[PDB]
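A.B. asks: Before we start, here is the structure in question, set down as structure tokens.
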4 protein chains.
Amino acid sequence: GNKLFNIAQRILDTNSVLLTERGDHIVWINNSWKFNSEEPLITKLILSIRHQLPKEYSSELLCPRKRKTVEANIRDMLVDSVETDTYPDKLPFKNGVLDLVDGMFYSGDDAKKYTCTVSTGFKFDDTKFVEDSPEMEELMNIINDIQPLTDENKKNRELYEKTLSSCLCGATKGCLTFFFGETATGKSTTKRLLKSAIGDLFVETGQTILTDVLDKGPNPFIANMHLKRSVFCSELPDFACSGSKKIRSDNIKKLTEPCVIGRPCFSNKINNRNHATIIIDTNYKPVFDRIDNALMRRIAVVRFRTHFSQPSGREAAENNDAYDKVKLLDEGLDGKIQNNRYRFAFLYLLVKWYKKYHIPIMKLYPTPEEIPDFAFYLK
Amino acid sequence: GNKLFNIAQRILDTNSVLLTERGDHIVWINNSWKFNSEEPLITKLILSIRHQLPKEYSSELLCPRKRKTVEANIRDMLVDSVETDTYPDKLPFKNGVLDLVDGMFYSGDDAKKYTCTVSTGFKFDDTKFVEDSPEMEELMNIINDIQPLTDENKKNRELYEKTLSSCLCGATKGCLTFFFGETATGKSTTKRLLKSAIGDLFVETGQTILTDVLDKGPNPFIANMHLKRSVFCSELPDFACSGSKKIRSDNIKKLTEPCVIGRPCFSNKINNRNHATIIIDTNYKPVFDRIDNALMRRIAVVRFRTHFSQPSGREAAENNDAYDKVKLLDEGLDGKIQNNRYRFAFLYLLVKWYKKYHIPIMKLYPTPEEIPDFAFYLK
Amino acid sequence: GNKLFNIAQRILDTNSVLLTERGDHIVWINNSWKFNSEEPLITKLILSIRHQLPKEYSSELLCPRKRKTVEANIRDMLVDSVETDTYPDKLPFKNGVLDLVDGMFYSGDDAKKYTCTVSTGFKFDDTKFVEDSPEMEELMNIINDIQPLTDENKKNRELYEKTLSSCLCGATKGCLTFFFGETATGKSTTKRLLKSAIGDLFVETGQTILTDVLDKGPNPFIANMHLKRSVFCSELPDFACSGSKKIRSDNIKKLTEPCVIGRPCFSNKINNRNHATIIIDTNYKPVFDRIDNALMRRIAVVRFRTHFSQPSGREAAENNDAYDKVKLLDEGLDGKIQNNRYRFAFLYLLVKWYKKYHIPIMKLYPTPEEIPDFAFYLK
Amino acid sequence: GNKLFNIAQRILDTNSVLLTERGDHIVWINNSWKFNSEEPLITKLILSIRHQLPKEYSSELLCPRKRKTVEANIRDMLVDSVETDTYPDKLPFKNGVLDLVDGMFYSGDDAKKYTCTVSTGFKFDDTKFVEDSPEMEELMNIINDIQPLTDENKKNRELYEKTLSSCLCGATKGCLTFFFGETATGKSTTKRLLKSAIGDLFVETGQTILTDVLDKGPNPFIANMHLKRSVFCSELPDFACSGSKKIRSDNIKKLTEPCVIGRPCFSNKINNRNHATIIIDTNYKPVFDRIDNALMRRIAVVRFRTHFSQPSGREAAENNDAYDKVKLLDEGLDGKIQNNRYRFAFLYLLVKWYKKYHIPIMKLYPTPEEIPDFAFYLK
DNA sequence: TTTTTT
Ligand SMILES: Nc1ncnc2c1ncn2[C@@H]1O[C@H](COP(=O)(O)OP(=O)(O)OP(=O)(O)O)[C@@H](O)[C@H]1O
Ligand SMILES: Nc1ncnc2c1ncn2[C@@H]1O[C@H](COP(=O)(O)OP(=O)(O)OP(=O)(O)O)[C@@H](O)[C@H]1O
Ligand SMILES: Nc1ncnc2c1ncn2[C@@H]1O[C@H](COP(=O)(O)OP(=O)(O)OP(=O)(O)O)[C@@H](O)[C@H]1O
Ligand SMILES: Nc1ncnc2c1ncn2[C@@H]1O[C@H](COP(=O)(O)OP(=O)(O)O)[C@@H](O)[C@H]1O
Ligand SMILES: [Mg+2]
Ligand SMILES: [Mg+2]
Ligand SMILES: [Mg+2]
């Protein structure tokens, strides 16, 4: 019958268009699933895939109204919804998905059955994903400077590696990590390194998600954690002064389930999938309002005890108590981190740690033996 | 006359399009009633049903403009409205509806008179609906290790079975159930098992539906309860501190009526049908602003008294009063629960329980003798 | 000359389309005046009336574009508006209009001169409108159980009958009736019986109209009171505690006028005709911010003093003060009420009460000898 | 084959239209990367570029329908997102981008590869960018008057020059500078000079961003800092009064990060780029809530020691202990400053200073030894 | 303030 109907049937046969649960129409272009709500991408996919059709059918696919007719025919054939993000050991990129169980990097048709929606936003460069490189040497030097691998800092180093590496798998975690340390110790440098490593799967929200009710009214901070694999809560304010609200234990206990409750502005969606590895950048000891067994089993803390300073404050840092080693500060480090110099090296280090630690199963274990408030309860 | 008008008349003769009370246009495709408020589905139904018409009539159902013309013709014939979800003991799936009185599964045109708008979303596979299976044995062991069938725990076990089986019927209930218990006991595991069992007929709202006014302004947390067969209000906070809002008895009174008043954003419809078995996952025993007879007969409480722990703190938990039986924590249990492995077995168990308990008639009976606050008013 | 203009003139000459003061376009199809905002029914009317036209004109009336053109022609002829709903003693049904002065039921064009906009939503069947029937006996027994016809309960019985029967007349009532009583007495049963009786002339709204202003912003809770003949506001909160807002006498005084000010979303029509009988289901004596004689002549109270109980707690209820009679609860009553078993019987009883009471003139009256707050001002 | 498709290809491959990460389209007309979300400038670009095509292609760019078709065809070719504002050493004007490495100024296609979004708002005129001019001499006299270049005031002079010159590059600053001085000293003079120099890349808001939280509710002051290169904080109230708000340290720590978290009204985007130099205009010694080493490395203070007054209080100014030199006040300065008589002269001075100081890298240093509150902790 | 708008 109609020629454009055959075009729609052929586009549907290759299985490039899917109907999601939320009602969006995800397409498959440039080896990455993409979607949008205000402007659907069906016509973009049609024009892109034009080339893979027979000769007499390609020339028919240039007039915009014919493309619109093909899209209208396509939209009348998608009746069944398909769920997304069911594989929790994959790291999708802009040109494929990097498998984590064995380090292979699929692309094209091979990297298609893993229906991943979110993506890092940048392509994968296999040349720089090699272990031996000067960038790897510099990165290893920096990592060892931040967390020295001595015997007194063994369990701390293992916890640091495990927590940092947990930011790759897209599963649900069950513990919160506190980056405790003094001033100018390396927390923000680690944050920026991780952000450059994973890219789009990393958001930074405010402290409001910890001490305020997250049910009444809109709360876009909760709504922006949808399908993210890492969330940072930086600069926790001190509580030694008055007027500062305590950390609600209910909020912590509500941030470790596969579905958190919260809605964005002007919308009615109230369910958010929770794949986030929540890390809190603090400067002082945290204080809570209620303490019980249900809270002490969901808290972990790693300590940074290496101070980077200038020659001016060398004697001040040497005689301090919160530091165990003093090192020379560097100026170009903060400069060339944003330029994505240690990106692929850190990615390789993270995947190596992931395959070393979480290969059978991924899980985080609380360490409540470090907080004095919980040390009192260790009765 | 116009051949398109004949097409519309033939489509209407098959009784596939219906005009519901709220003003939607439900269709009948893939053995399930579907509807969407944003985009109509009449064109999809026309395209899908083009096959059941003579050969000369099929060729006109290909051009989208003709399909829109037929949709416009159909929309000007539905004058009289009908109501949906009149039978409360039928479970609608994505490819049929399963009867609950005798376990018979209907499909096709036979499963059409029961106008069930809602659906679980996943198809029915009778090959996995049998009693003999290793999955059934594992699920039975898990259930018996969560709520043991000893003599001391007989009434609690039967109340647990009754409450869980009540999540299948499609009529109004009259009791709120609290899943009271200590930490690491088996509450969230039961919640996730039920979610895997009943699929999409299971929503999770915040605690604002309990300690806040649900009338003024928008409130999608109430508007999403429309025709839901189960509702969870998880993770209740403690009320022994300051500024802790008590549970308003007015909300509890309202949540047990056939109509719950509340509207979503950008809409005018304010009435919502209530089919939900409200279950609250709490950790401390609740306290209300006032206690009276009208609140005495609308609350039931079950107890979970089996702690799961790792060999680390085994003796620390064995020396506690809050537990009656200590077992070993299993890691992969949640991993294979999220994969929907114990879905159909638990569905079969739920059907068996419902047929054992509520087959003559369905009702829930309160247990007010569990709350010390309620105990004082009868002391 | 033109042809579609002749068809439009013929349609208008039959006097089937009218323009209201609010600016709507009411349509006379299937023996009922219908109207809707989202979907204009003029095309539906054209398609329905196609049958009573000359044959050479009927075939022209099948293309949707031609129907749209005829609708556009019709919309440009209605220059003068016509008032609606001026007869206050008519009950409009889905298949005609039932009189309330002599019990006769008109149909067809005879029941067209009464411009009735709203409708009950269900058809009228004279087969079940008889006096002798087992359902009538059951309903009479239930009514006598809820309100015994004793000498001490004589005035309350007649006030209850008058208040229930006042929900049929489409005029303005200047009194608010309170359903004051203790738990498990039968207020909800009466509400459900009334709802099954009248049908769509019954709206339930939240308590936000009694404790919050009804002017600021959109307020569909008040905007849905337009031409509704009954309004119920159950689950009245207690006020003995702190933080409970008292009932504003301003709202009560404003709700007793033939025009309440309130607007729905997406509209500018802020005038609402009040034909409702406001009834409140309460369990405590209501309180207000201030008490005055102007609030005295608008409030009436009936008392429910028949506790229904299961055999488990028969003795405890028998030893109570706030009850005068204890009976056995029936589980199937609420189940079979939802099936509209006692619909036409209660309709006939209400018609009989209306013919007995309000035939000369209809007016509600206050009983200020019930509320202790008002008894203070009578001291 | 097709003819408009080749036109769209020619428009695309010349790299004139680009897609941003937020979903908007930026075009290139009038030598500026302007964009509008409501008015698409694609048609304007097509009609402007029609001159650079063969004579047989121009005739098809006259019908508005054909230009709309070309726009629609172009919109279906932008698949990959492009990030903007990556070069931190380019100052964008309205008619081109001025480089800072060598002082050369580009325009047209040259100043196009640098995807600059924001702009100063005024055109660049090379004829007024000379080194010798009466405006240069008057401006140099003013600058030497406000900050005398004595050996007692050498470090302060160069620190002032560095802080002023830092307001050109688009990197991320890491220090806050206090323009602490007495009244009528010349702080507003420098503010107005800078505002005339850089124009649109300069905003001034209230002091609330220093004594308030930055997470609760909306914060339009944060959304105003997006891609701004200089922020001036004036009208700082005295703190030695009663109940005066204290400068919150947490705001200072959160205001020096590459991304500040905060959402504007009615919006959901919570991330913001921090390219702005923060200069605070106080009058007295600032007091904070808490002093710690984390606040020691984010504070810089310059001193103004030249008072201006009329001969009225000449002896009072000459005898005051807080000044170092007093001169005669001028009235026409604020007249010709608002007429931008010292616009390009100050710009050239700023460019010279930037080339002198921050040509290898950009970095601002703190100076903790200028406030006694910070001299207390020398122990 | 948001929602409502628009
Ligand atoms: N391995 C390293 N080698 C050289 N310099 C380093 C190294 N790690 C960090 N630095 C530098 O030392 C400083 C450490 O800053 P850091 O990231 O600890 O700050 P922060 O966590 O934001 O501080 P605070 O807790 O005071 O707010 C930075 O100037 C950084 O460039
Ligand atoms: N029968 C079983 N055998 C072994 N492990 C089990 C069994 N049932 C549950 N578990 C595991 O024991 C743990 C119990 O955790 P659960 O989700 O029940 O906690 P919870 O009731 O939500 O806790 P809290 O009150 O602290 O929030 C889970 O890891 C679950 O997988
Ligand atoms: N005549 C009757 N005989 C037997 N049972 C009856 C009779 N009338 C009502 N009932 C039953 O008694 C119960 C009355 O409960 P109902 O919901 O009417 O109480 P209520 O007064 O609204 O309660 P509350 O104010 O506490 O919410 C229902 O189960 C109803 O079916
Ligand atoms: N170098 C100068 N030469 C002439 N007049 C000056 C000079 N510096 C400041 N003034 C005059 O002093 C007046 C007030 O100075 P102002 O910039 O307001 O000081 P502050 O910023 O401390 O309030 C201005 O109107 C300006 O004309
Ligand atoms: Mg840092
Ligand atoms: Mg739990
Ligand atoms: Mg009630």
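Ligands are numbered from 1 in the order shown, residues from 1 within each chain, and chains are lettered A, B, ... in the order they appear in the structure tokens.
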Residues within 10 Å of range 311-316 of chain D, please, as a ChimeraX atom specification. Count only C-alpha atoms (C1' of nucleotides); anything in the same chain fewer than 5 positions from it doesn't count.
C.D. replies: /D:321,326-329
A.B. asks: Using DSSP assignments from the backbone, pull out every residue in range 42-253 of chain A that falls under strand (DSSP E) and give it to me as a list in words.
C.D. replies: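 The strand (DSSP E) subset of range 42-253 of chain A is residues 90, 91, 92, 93, 96, 97, 98, 99, 105, 106, 176, 177, 178, 179, 180, 181, 203, 204, 231, 232, 233 and 234 of chain A.
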A.B. asks: Restricted to C-alpha atoms, what would the selected residues look like written as a short mmCIF file (atom, residue, chain, number, x, y, z; two decimals), in the first residue's frame?
C.D. replies:
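File produced: result-v7.cif:
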data_model
loop_
_atom_site.label_atom_id
_atom_site.label_comp_id
_atom_site.auth_asym_id
_atom_site.auth_seq_id
_atom_site.Cartn_x
_atom_site.Cartn_y
_atom_site.Cartn_z
CA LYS A 90 27.85 -1.24 33.31
CA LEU A 91 29.17 2.29 32.71
CA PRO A 92 27.50 3.76 29.60
CA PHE A 93 29.48 6.30 27.58
CA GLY A 96 29.05 2.70 23.83
CA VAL A 97 29.03 1.11 27.27
CA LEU A 98 32.15 -0.08 29.10
CA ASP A 99 31.61 -3.51 30.62
CA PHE A 105 34.23 -1.95 25.88
CA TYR A 106 31.35 -2.84 23.57
CA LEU A 176 26.66 7.21 53.98
CA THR A 177 30.30 8.32 53.90
CA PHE A 178 31.74 11.33 55.74
CA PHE A 179 34.94 12.79 54.27
CA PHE A 180 36.32 14.03 57.59
CA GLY A 181 39.49 16.09 57.62
CA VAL A 203 25.74 15.93 40.91
CA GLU A 204 26.27 18.22 43.89
CA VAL A 231 25.95 12.68 45.03
CA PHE A 232 28.10 15.06 47.09
CA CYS A 233 26.91 17.19 50.02
CA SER A 234 29.77 19.64 50.51
#
A.B. asks: May I ask you to extract the residues of chain E within 9 Å of chain C, using only C-alpha atoms (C1' of nucleotides), and to give them as a PyMOL selection string?
C.D. replies: chain E and resi 3-5
A.B. asks: Let me see the file: selected residues, N, CA and C atoms (P, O5', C5', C4', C3', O3' and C1' of nucleotides), as a CSV table (one decimal), in the first residue's frame.
C.D. replies:
chain,number,residue,atom,x,y,z
E,3,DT,P,4.6,24.3,43.3
E,3,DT,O5',3.1,24.7,43.1
E,3,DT,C5',2.4,24.3,41.9
E,3,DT,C4',1.1,25.0,41.8
E,3,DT,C3',0.4,24.9,40.4
E,3,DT,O3',-0.9,24.2,40.4
E,3,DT,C1',0.4,27.2,41.3
E,4,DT,P,-2.1,24.8,41.2
E,4,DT,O5',-2.6,26.1,40.5
E,4,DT,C5',-3.1,26.2,39.2
E,4,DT,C4',-3.2,27.6,38.8
E,4,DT,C3',-3.7,27.8,37.3
E,4,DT,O3',-4.8,28.7,37.3
E,4,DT,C1',-1.7,29.1,37.8
E,5,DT,P,-4.9,30.0,36.4
E,5,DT,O5',-4.5,29.5,34.9
E,5,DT,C5',-4.3,30.5,33.8
E,5,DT,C4',-3.0,31.3,34.0
E,5,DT,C3',-2.5,32.0,32.7
E,5,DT,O3',-1.9,33.2,33.0
E,5,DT,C1',-0.9,30.6,33.6
A.B. asks: When you look at residue 192 in chain C with a cut-off of 12 Å (counting only C-alpha atoms (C1' of nucleotides)), what residues show up, excluding the ones that are within fewer than 2 positions of it in the same chain? I need them as an NGL selection string.
C.D. replies: (:B and (257-259)) or (:C and (186-190 or 194-199 or 202-204 or 232 or 333-343 or 346))
A.B. asks: Create the file for the chosen residues now, containing N, CA and C atoms and written as a PDB file, in the first residue's frame.
C.D. replies:
ATOM      1  N   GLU B 257     -12.395   5.974  53.979  1.00  0.00           N
ATOM      2  CA  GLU B 257     -13.674   6.212  53.333  1.00  0.00           C
ATOM      3  C   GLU B 257     -13.579   5.935  51.836  1.00  0.00           C
ATOM      4  N   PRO B 258     -14.699   5.610  51.182  1.00  0.00           N
ATOM      5  CA  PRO B 258     -14.655   5.294  49.747  1.00  0.00           C
ATOM      6  C   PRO B 258     -14.204   6.447  48.865  1.00  0.00           C
ATOM      7  N   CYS B 259     -14.240   7.686  49.351  1.00  0.00           N
ATOM      8  CA  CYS B 259     -13.768   8.824  48.576  1.00  0.00           C
ATOM      9  C   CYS B 259     -12.827   9.650  49.438  1.00  0.00           C
TER      10      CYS B 259
ATOM     11  N   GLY C 186     -24.337   5.533  62.419  1.00  0.00           N
ATOM     12  CA  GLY C 186     -25.032   5.408  61.153  1.00  0.00           C
ATOM     13  C   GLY C 186     -25.035   6.647  60.280  1.00  0.00           C
ATOM     14  N   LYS C 187     -24.198   7.633  60.611  1.00  0.00           N
ATOM     15  CA  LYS C 187     -24.131   8.847  59.804  1.00  0.00           C
ATOM     16  C   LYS C 187     -23.620   8.547  58.400  1.00  0.00           C
ATOM     17  N   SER C 188     -22.543   7.762  58.303  1.00  0.00           N
ATOM     18  CA  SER C 188     -22.006   7.404  56.996  1.00  0.00           C
ATOM     19  C   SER C 188     -22.988   6.553  56.205  1.00  0.00           C
ATOM     20  N   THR C 189     -23.761   5.703  56.886  1.00  0.00           N
ATOM     21  CA  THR C 189     -24.787   4.930  56.194  1.00  0.00           C
ATOM     22  C   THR C 189     -25.837   5.844  55.577  1.00  0.00           C
ATOM     23  N   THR C 190     -26.271   6.865  56.318  1.00  0.00           N
ATOM     24  CA  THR C 190     -27.221   7.827  55.769  1.00  0.00           C
ATOM     25  C   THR C 190     -26.619   8.579  54.590  1.00  0.00           C
ATOM     26  N   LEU C 194     -28.074   8.469  50.788  1.00  0.00           N
ATOM     27  CA  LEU C 194     -28.424   9.680  50.054  1.00  0.00           C
ATOM     28  C   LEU C 194     -27.679   9.756  48.727  1.00  0.00           C
ATOM     29  N   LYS C 195     -26.383   9.433  48.736  1.00  0.00           N
ATOM     30  CA  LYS C 195     -25.602   9.480  47.503  1.00  0.00           C
ATOM     31  C   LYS C 195     -26.124   8.480  46.481  1.00  0.00           C
ATOM     32  N   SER C 196     -26.470   7.270  46.925  1.00  0.00           N
ATOM     33  CA  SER C 196     -27.068   6.301  46.016  1.00  0.00           C
ATOM     34  C   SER C 196     -28.432   6.769  45.531  1.00  0.00           C
ATOM     35  N   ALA C 197     -29.129   7.576  46.331  1.00  0.00           N
ATOM     36  CA  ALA C 197     -30.448   8.059  45.940  1.00  0.00           C
ATOM     37  C   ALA C 197     -30.359   9.111  44.841  1.00  0.00           C
ATOM     38  N   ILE C 198     -29.676  10.222  45.110  1.00  0.00           N
ATOM     39  CA  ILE C 198     -29.662  11.323  44.147  1.00  0.00           C
ATOM     40  C   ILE C 198     -28.639  11.092  43.040  1.00  0.00           C
ATOM     41  N   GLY C 199     -27.426  10.691  43.381  1.00  0.00           N
ATOM     42  CA  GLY C 199     -26.418  10.382  42.366  1.00  0.00           C
ATOM     43  C   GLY C 199     -25.475  11.562  42.121  1.00  0.00           C
ATOM     44  N   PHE C 202     -24.687  15.408  44.074  1.00  0.00           N
ATOM     45  CA  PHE C 202     -24.116  15.162  45.396  1.00  0.00           C
ATOM     46  C   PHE C 202     -22.607  15.279  45.281  1.00  0.00           C
ATOM     47  N   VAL C 203     -22.025  16.255  45.969  1.00  0.00           N
ATOM     48  CA  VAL C 203     -20.586  16.462  45.958  1.00  0.00           C
ATOM     49  C   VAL C 203     -20.086  16.550  47.392  1.00  0.00           C
ATOM     50  N   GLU C 204     -18.940  15.922  47.639  1.00  0.00           N
ATOM     51  CA  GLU C 204     -18.291  15.939  48.942  1.00  0.00           C
ATOM     52  C   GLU C 204     -17.018  16.764  48.829  1.00  0.00           C
ATOM     53  N   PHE C 232     -21.593  17.472  51.404  1.00  0.00           N
ATOM     54  CA  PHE C 232     -21.206  16.805  52.637  1.00  0.00           C
ATOM     55  C   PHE C 232     -19.752  17.118  52.956  1.00  0.00           C
ATOM     56  N   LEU C 333     -24.624  -5.011  54.784  1.00  0.00           N
ATOM     57  CA  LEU C 333     -25.367  -3.788  54.501  1.00  0.00           C
ATOM     58  C   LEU C 333     -24.550  -2.833  53.641  1.00  0.00           C
ATOM     59  N   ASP C 334     -23.322  -2.536  54.069  1.00  0.00           N
ATOM     60  CA  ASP C 334     -22.472  -1.643  53.292  1.00  0.00           C
ATOM     61  C   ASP C 334     -22.092  -2.264  51.958  1.00  0.00           C
ATOM     62  N   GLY C 335     -21.954  -3.590  51.912  1.00  0.00           N
ATOM     63  CA  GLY C 335     -21.629  -4.243  50.656  1.00  0.00           C
ATOM     64  C   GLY C 335     -22.728  -4.094  49.621  1.00  0.00           C
ATOM     65  N   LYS C 336     -23.980  -4.304  50.030  1.00  0.00           N
ATOM     66  CA  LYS C 336     -25.083  -4.219  49.081  1.00  0.00           C
ATOM     67  C   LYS C 336     -25.603  -2.800  48.890  1.00  0.00           C
ATOM     68  N   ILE C 337     -25.186  -1.844  49.722  1.00  0.00           N
ATOM     69  CA  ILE C 337     -25.540  -0.452  49.461  1.00  0.00           C
ATOM     70  C   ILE C 337     -24.793   0.068  48.238  1.00  0.00           C
ATOM     71  N   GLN C 338     -23.521  -0.314  48.087  1.00  0.00           N
ATOM     72  CA  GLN C 338     -22.736   0.117  46.935  1.00  0.00           C
ATOM     73  C   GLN C 338     -23.316  -0.375  45.617  1.00  0.00           C
ATOM     74  N   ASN C 339     -24.157  -1.405  45.645  1.00  0.00           N
ATOM     75  CA  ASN C 339     -24.771  -1.948  44.443  1.00  0.00           C
ATOM     76  C   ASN C 339     -26.084  -1.263  44.094  1.00  0.00           C
ATOM     77  N   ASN C 340     -26.436  -0.191  44.807  1.00  0.00           N
ATOM     78  CA  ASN C 340     -27.648   0.584  44.537  1.00  0.00           C
ATOM     79  C   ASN C 340     -28.904  -0.275  44.678  1.00  0.00           C
ATOM     80  N   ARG C 341     -28.905  -1.161  45.675  1.00  0.00           N
ATOM     81  CA  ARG C 341     -30.081  -1.989  45.923  1.00  0.00           C
ATOM     82  C   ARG C 341     -31.232  -1.161  46.477  1.00  0.00           C
ATOM     83  N   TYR C 342     -30.933  -0.203  47.353  1.00  0.00           N
ATOM     84  CA  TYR C 342     -31.942   0.644  47.987  1.00  0.00           C
ATOM     85  C   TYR C 342     -31.982   2.036  47.375  1.00  0.00           C
ATOM     86  N   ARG C 343     -31.780   2.142  46.062  1.00  0.00           N
ATOM     87  CA  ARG C 343     -31.766   3.447  45.409  1.00  0.00           C
ATOM     88  C   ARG C 343     -33.180   3.982  45.202  1.00  0.00           C
ATOM     89  N   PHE C 346     -35.383   4.430  48.442  1.00  0.00           N
ATOM     90  CA  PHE C 346     -35.086   5.660  49.165  1.00  0.00           C
ATOM     91  C   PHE C 346     -35.530   6.886  48.383  1.00  0.00           C
TER      92      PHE C 346
END
A.B. asks: Could the residues of chain A within 7 Å of chain D, counting only C-alpha atoms, be given as a compact mmCIF listing (two decimals) with N, CA and C atoms, in the first residue's frame, please?
C.D. replies:
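Output saved as iface_23.txt:
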# COMPACT_ATOMS: atom_id res chain seq x y z
N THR A 43 12.37 12.28 14.61
CA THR A 43 12.76 12.72 13.27
C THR A 43 14.28 12.74 13.11
N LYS A 44 15.01 13.09 14.17
CA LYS A 44 16.47 13.05 14.11
C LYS A 44 16.95 11.63 13.83
N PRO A 64 10.57 17.34 4.95
CA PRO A 64 10.20 17.29 6.38
C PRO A 64 8.81 16.75 6.65
N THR A 183 41.58 21.47 57.47
CA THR A 183 41.62 22.41 56.36
C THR A 183 42.75 22.06 55.39
N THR A 205 24.41 18.51 45.41
CA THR A 205 23.23 19.15 45.97
C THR A 205 23.57 19.76 47.33
N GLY A 206 22.66 20.59 47.82
CA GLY A 206 22.88 21.30 49.06
C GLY A 206 22.67 20.42 50.28
N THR A 208 20.33 20.91 52.36
CA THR A 208 18.91 20.91 52.70
C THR A 208 18.28 19.53 52.67
N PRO A 220 13.35 20.10 44.38
CA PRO A 220 14.10 19.68 43.19
C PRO A 220 15.46 19.08 43.51
N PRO A 237 27.68 22.78 57.60
CA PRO A 237 27.93 23.82 58.60
C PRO A 237 28.14 23.23 59.99
